[PDB]
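[1] below: the sequence, then the experimentally determined structure.
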Protein chains: 2
Amino acid sequence: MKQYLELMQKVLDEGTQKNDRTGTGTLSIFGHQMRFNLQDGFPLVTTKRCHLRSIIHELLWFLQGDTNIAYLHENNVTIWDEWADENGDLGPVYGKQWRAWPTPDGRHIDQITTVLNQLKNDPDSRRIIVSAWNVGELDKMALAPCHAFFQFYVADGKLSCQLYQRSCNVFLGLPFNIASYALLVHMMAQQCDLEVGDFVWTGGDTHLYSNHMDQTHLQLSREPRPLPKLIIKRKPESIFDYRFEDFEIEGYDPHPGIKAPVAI
Amino acid sequence: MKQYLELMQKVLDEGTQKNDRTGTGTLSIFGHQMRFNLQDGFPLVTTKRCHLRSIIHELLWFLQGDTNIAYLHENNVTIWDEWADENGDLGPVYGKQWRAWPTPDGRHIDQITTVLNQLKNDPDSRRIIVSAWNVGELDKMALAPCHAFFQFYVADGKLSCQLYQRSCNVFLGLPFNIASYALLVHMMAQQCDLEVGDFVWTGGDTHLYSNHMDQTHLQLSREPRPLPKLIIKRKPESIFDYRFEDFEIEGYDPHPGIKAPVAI
Ligand SMILES: *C1=C(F234[N][C@@]25=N3C(=O)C2=C(N=[C][C]3[C]N(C6=[C][C]=C(C(=O)[N][C]([C][C]C([O])=O)C([O])=O)[C]=[C]6)[C]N32)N54)C(=O)[N]C(=O)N1[C]1[C][C]([O])[C]([C]OP([O])([O])=O)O1
Ligand SMILES: *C1=C(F234[N][C@@]25=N3C(=O)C2=C(N=[C][C]3[C]N(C6=[C][C]=C(C(=O)[N][C]([C][C]C([O])=O)C([O])=O)[C]=[C]6)[C]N32)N54)C(=O)[N]C(=O)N1[C]1[C][C]([O])[C]([C]OP([O])([O])=O)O1
């Protein structure tokens, strides 16, 4: 994608050297914002082949407030294996915060339902927010949430959403994060009889690992193809009733995939 | 400021009509990001006279974890009067979340101290975050926090900070919010022996009230003057030891002030 390649180049030309928790150096910039008009096509990277399969399962998994990787396994999705403990538990990560943020007085807040309510009864609200950054539960999470905060906005019958991503591996994670949140907006919009608007992506520490330079230069030489189109086969009863088969991507013709090895 | 006037114009030319909780219409845009190189001067609006006095007191008040307006009153600062209850209490707003985020298990997390620790012992961290968006305590706050989340970043001896502001009254509140957070960065940097870097401002629902159009056009006709310089008279023992008199602004020559009436 045009906006995507632009950021990659930006990190290359303006990034400063910084090491991550391990030892792998990164080229890093702080503060970046992109905008994807969802009406312009589904924001799935075409400069390299991306697979929607894992993305869909993870999203549906988040929505069920599940934090154990069993569901993902039943569907052969192994993107969380690396973080799961012996029992397949990841701790109170995303799904738990989204569907059951625990209060000091013993309640569990359903932020997803709260948001659905607001979009339907008070679309003009400036508080339609979902936060996964529960300070009191950070110590128990397999890892602190990267995409930690997102806000919805309604204007002229169009639902928009801004995501704040504290840490972003441009080459490996961003393509996945964009499609994931773009899917969420389509689902929410359908459930609220709204048209899709913009998906604004905001990042904090945006970076590229030093050992991904070749892959970056390679991808940057490819010309972005037209964006595909997301097809939602049916309109479920609620946001919690979507099924993997309900989605279909039309017109996706990307360039070959590109491997990105990680150090350990 | 150049970046500031640019946003005002942007809201004017691209904002859509949207009403707020009351009935006052607003011109609104969703998703905007500005960057202030703090090395370039203190980001205090010169196209209209701004008073640092209330800004400093509020910041020092936030840092003491105080949520009762008494301190502000002892110093004749009345910006919170409007929201305070009979006893001067505002509920678990900013100061409380910053200094004592309550956990489900009975602990109170000091996010400000946590951040100081990270900046000194792990400056490369991508988790140096302070959140005031405590979902479980929203119902008790006089109002949901506008500037709800901020993140620090260290690179080349420079401390940077990104603020996410969910709702932003461009004319009335933004000038205040920028200076407030810019002050925080100078204080934090001093305490960590770091140089000041960038202050990145990210907004969600950025707007202008319909009854502030004249004032907006008027301010937009003024030429931004050079930015002043922030002087910190002394280096306190800790971040919690600053005093109003410790700050001094040098070279501030703004245009006349501009009143902005609000409907009720
Ligand atoms: C962070 C991240 F975050 N928290 C979290 N979340 C999520 O979601 C995740 C994680 N982890 C891991 C998991 C999985 N993932 C993924 C997916 C995918 C991938 C790949 O590789 N792929 C690609 C393609 C895609 C498509 O298909 O499209 C290829 O192959 O190439 C990877 C991964 C998800 N999950 N965790 C996110 O999200 N993001 C980001 O960026 N992050 C990161 C940041 C950094 O780099 C790290 C961390 O560090 P700190 O310090 O910050 O913590 O990570
Ligand atoms: C929101 C806001 F927020 N939450 C909160 N925080 C704060 O901080 C505040 C509030 N409120 C009020 C108070 C006070 N303030 C202020 C200050 C100042 C001002 C003025 O007026 N001033 C000017 C000047 C300045 C200087 O000096 O510089 C003139 O005069 O002109 C005003 C105000 C502060 N505090 N609360 C913030 O911050 N911001 C914003 O923007 N916000 C807003 C948004 C909107 O508009 C509203 C709300 O709604 P919702 O729905 O969103 O909630 O508000």
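    Received the coordinates, thanks. Numbering: from 1, shown residues only, chains lettered A, B, ... in the order given. Ligands and ions are numbered 1, 2, ... in the order given.

[2] who are the packing partners of the helix of greatest length in chain A?
    When chain A is scanned for its longest helix (criterion: DSSP state H), the result is helix A:174-191. When contacts are defined as 3 or more Cβ pairs under 8 Å, 6 or more residues apart in numbering or on different chains; DSSP states H and E, helix A:174-191 sits against helix A:2-14, helix A:52-63, helix A:111-121, strand A:147-155, strand A:158-169, strand A:195-209, strand A:229-232. In short, each C-beta sits where N, CA and C put it, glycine included.

[3] and those as a markdown table, adding distance to residue B:257 and mean neighbour count?
    Compiled in a markdown table, the helices and strands packed on helix A:174-191 are given as follows (distance: least, Cβ to Cβ, whole Å; neighbours: other Cβ atoms under 10 Å in any protein chain shown):
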| stretch | distance to residue B:257 | mean neighbour count |
| --- | --- | --- |
| helix A:2-14 | 38 | 15 |
| helix A:52-63 | 48 | 20 |
| helix A:111-121 | 37 | 17 |
| strand A:147-155 | 32 | 24 |
| strand A:158-169 | 32 | 24 |
| strand A:195-209 | 32 | 24 |
| strand A:229-232 | 50 | 16 |
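
[4] which one of these lies closest to ligand 1?
    Among the helices and strands packed on helix A:174-191, strand A:158-169 comes nearest to ligand 1, with 3.2 Å by Cβ to the nearest ligand atom.

[5] does at least one residue of that closest one sit close to chain B?
    Yes - interface with chain B: strand A:158-169 contributes A:160, A:162, A:164, A:166-167 (Cβ under 8 Å from any Cβ of the partner chain).

[6] which one of the residues you listed is nearest residue B:19?
    Lowest distance from residue B:19 to those (Cβ to Cβ) belongs to residue A:160, with 17.1 Å.

[7] for that closest one, which non-adjacent residue is closest in space?
    Leaving aside its chain neighbours, residue A:160 sits nearest to residue A:197 (3.8 Å; criterion: Cβ to Cβ, 6 or more residues apart in numbering or on different chains).

[8] tell me, how many residues neighbour residue A:16?
    14 (other Cβ atoms under 10 Å in any protein chain shown).

[9] what of residue A:226?
    11.

[10] report the central residue of chain A.
    With distances taken as Cα atoms, centre = their mean, residue A:177 lies nearest the centre of chain A, 2.8 Å away.

[11] if I pick it, what's in contact with it?
    Contact partners of residue A:177, counting by Cβ atoms under 8 Å, 6 or more residues apart in numbering or on different chains, are A:146-147, A:163, A:165, A:168, A:201.

[12] for chain B, see how far away it is.
    Taking Cβ to the nearest Cβ, to the nearest Å as the measure, residue A:177 falls 14 Å from chain B.

[13] cool, and residue A:131?
    5 Å.

[14] ok, residue A:80 next?
    Distance of residue A:80 to chain B, given as Cβ to the nearest Cβ: 19 Å.

[15] neighbours of the closest residue to residue A:144 other than its chain neighbours, how many?
    Excluding the flanking residues, the one nearest residue A:144 by Cβ to Cβ, 6+ apart is residue B:127, at 5.0 Å. A count of nearby residues for residue B:127, using other Cβ under 10 Å, gives 22.

[16] tell me the secondary structure for residue B:127?
    coil (DSSP: H, G, I helix; E, B strand; the rest coil).

[17] that one and residue A:146 touch, don't they?
    No - judged on Cβ atoms under 8 Å, residue B:127 makes no contact with residue A:146 at a distance of 9.6 Å.

[18] pull up the overlap in contacts between these two.
    In contact with both residue B:127 and residue A:146: A:166-167, using Cβ under 8 Å, 6+ apart.

[19] flag every residue of the stretch 151-264 of chain A that's near chain B.
    Counting by Cβ under 8 Å from any Cβ, the stretch 151-264 of chain A comes close to chain B at A:151, A:153, A:155-156, A:160, A:162, A:164, A:166-167, A:198, A:200, A:202, A:204-205.

[20] of the residues you listed, which are in range of ligand 1?
    Among those, the ones lying near ligand 1 by Cβ under 6 Å from any ligand atom are residue A:167.

[21] closest to residue A:139 among the residues of the stretch 151-264 of chain A next to chain B?
    Closest to residue A:139, out of all of those and judged by Cβ to Cβ, is residue A:166, at 16.8 Å.
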